[PDB]
Amino acid sequence: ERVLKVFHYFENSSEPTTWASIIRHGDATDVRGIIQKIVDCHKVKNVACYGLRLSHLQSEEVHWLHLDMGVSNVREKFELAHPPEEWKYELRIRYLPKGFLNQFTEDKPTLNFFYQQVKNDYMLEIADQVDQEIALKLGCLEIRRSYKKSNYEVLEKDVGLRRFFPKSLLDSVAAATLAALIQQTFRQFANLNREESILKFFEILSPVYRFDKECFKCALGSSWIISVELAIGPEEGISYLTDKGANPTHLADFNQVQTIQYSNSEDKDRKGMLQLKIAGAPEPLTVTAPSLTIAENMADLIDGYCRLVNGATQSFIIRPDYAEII
């Protein structure tokens, strides 16, 4: 047999970075299998929001693995390129329900998985470059949820304030001001249960960090190709941004998607074509991605919402078994 290490975001009260699961598969087991086996352990309801992303520790390229793919195969293919240690597999939420948050409230593990997941990308992307008042509050919402000076001393010596706050904040604020700041911030969130916390966490982040969509610089049209930035998400579905400051312009709700079809661009250039039949409209929507990988990642993303919006486990892509947890 063969084994696979999968990182995820289910809180197992250890070090945040090292939450993973180790699961055995076979020549037959697919991606849908692996994912499910994991989400079942944690009694997840919103099963269809999870996807499996393969990131290369050495570079930026990410490959989102489609559900009906063989683990042995996909695993094999990428090992011809690079050795097993250089790759990393992570379970993530990628396909958000129309009213996701409100919906996650009824599925705790997924609420928390999403909380941990986002918070992580936050500490990794915008924490250091956003308003102090925003950093504070967020940081404090973690401590609050996760849990006099006789308590603050333990935070810096024994716990480490770096876990909750960006070092851009920590070196720009004196220790006493922060102790004072916390108490007063932590004050107004002082009667919010873990749930109201988490929500409040997002309430505060969303107007500054966009985590309810994914954007893709790519081009539209078939005969006259125009460069844009697609915006796939649950509110807008499929849209293009004029200014990042202006709201996205709509193109299609996922329920209109009839088929998703992808190839390379017919020439030496390895740009990626992605063509979608959309109900009611005559001419298909033709996306040209910088590369086939970027195309795969969009097709995946789009397909995911269709499987979600409609209740179907089967895929919209036109295309030319035992998992054990240990």
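Some observations on this one:
- Taking 18 Å as the cut-off, the amide N atoms of the stretch 1-17 that come nearer than this to a point 7 Å along the Cα-to-beta-carbon line of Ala28 belong to 1-3.
- Placing +1 on the Cβ of every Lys and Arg and -1 on the Cβ of every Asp and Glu, with no other charges, gives the stretch 211-326 a dipole of roughly 280 debye about its Cα centre.
- Candidate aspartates and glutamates - alpha carbon under 18 Å from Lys5, same-chain residues fewer than 8 apart omitted: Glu15, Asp27, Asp30, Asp40, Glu76, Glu79, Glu85, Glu86, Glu90, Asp321, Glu324
- The modelled label-to-label distance between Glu60 and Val173, using points 7 Å beyond Cα along the C-beta direction, is 3.2 nm.
- The alpha carbon centroids of the stretch 260-312 and the stretch 135-200 are separated by 44 Å.
- Protection proxy ranking for 24-30, 47-53, using the average of other Cβ atoms within 10 Å per residue and placing the highest first: 47-53, 24-30.
- Kirkwood Rh, Cα atoms: Rg over Rh of the stretch 1-145: 0.99
- Entries in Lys137/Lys157; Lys37/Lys137; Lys119/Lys271; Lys43/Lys217 that, when Cα-Cα distance is taken, lie over 27 Å: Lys37/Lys137; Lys119/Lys271; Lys43/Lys217
- DSSP-loop GluC sites (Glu not before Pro) across the stretch 212-315, with at most 12 other Cβ within 10 angstrom: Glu266
- Here is the list for the stretch 38-94: GluC sites (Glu not before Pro) lying in DSSP coil, each with at most 10 other C-beta atoms within 10 angstrom of its C-beta, are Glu60, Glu85.
- A crude spin-label estimate for the pair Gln275 and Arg162, with each label 7 Å from Cα along the Cβ direction, gives 5.3 nm.
- As a ratio to 2.2 N^0.38 Å, the alpha-carbon radius of gyration computed for the stretch 211-326 takes the value 1.12.
- Paramagnetic label zone (point 7 Å from Cα along Cα-to-C-beta, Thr259; backbone N under 12 Å) in the stretch 282-322: 284, 316-320
- Net lengthening on full extension, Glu76/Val3 (0.36 nm per residue, minus Cα-Cα): 25.0 nm
No Cβ is skipped: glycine too gets one built from the backbone with ideal geometry, and neighbour counts run over all protein chains shown. All of the numbers you see were taken from the coordinates with simple rules; none came from a lab.
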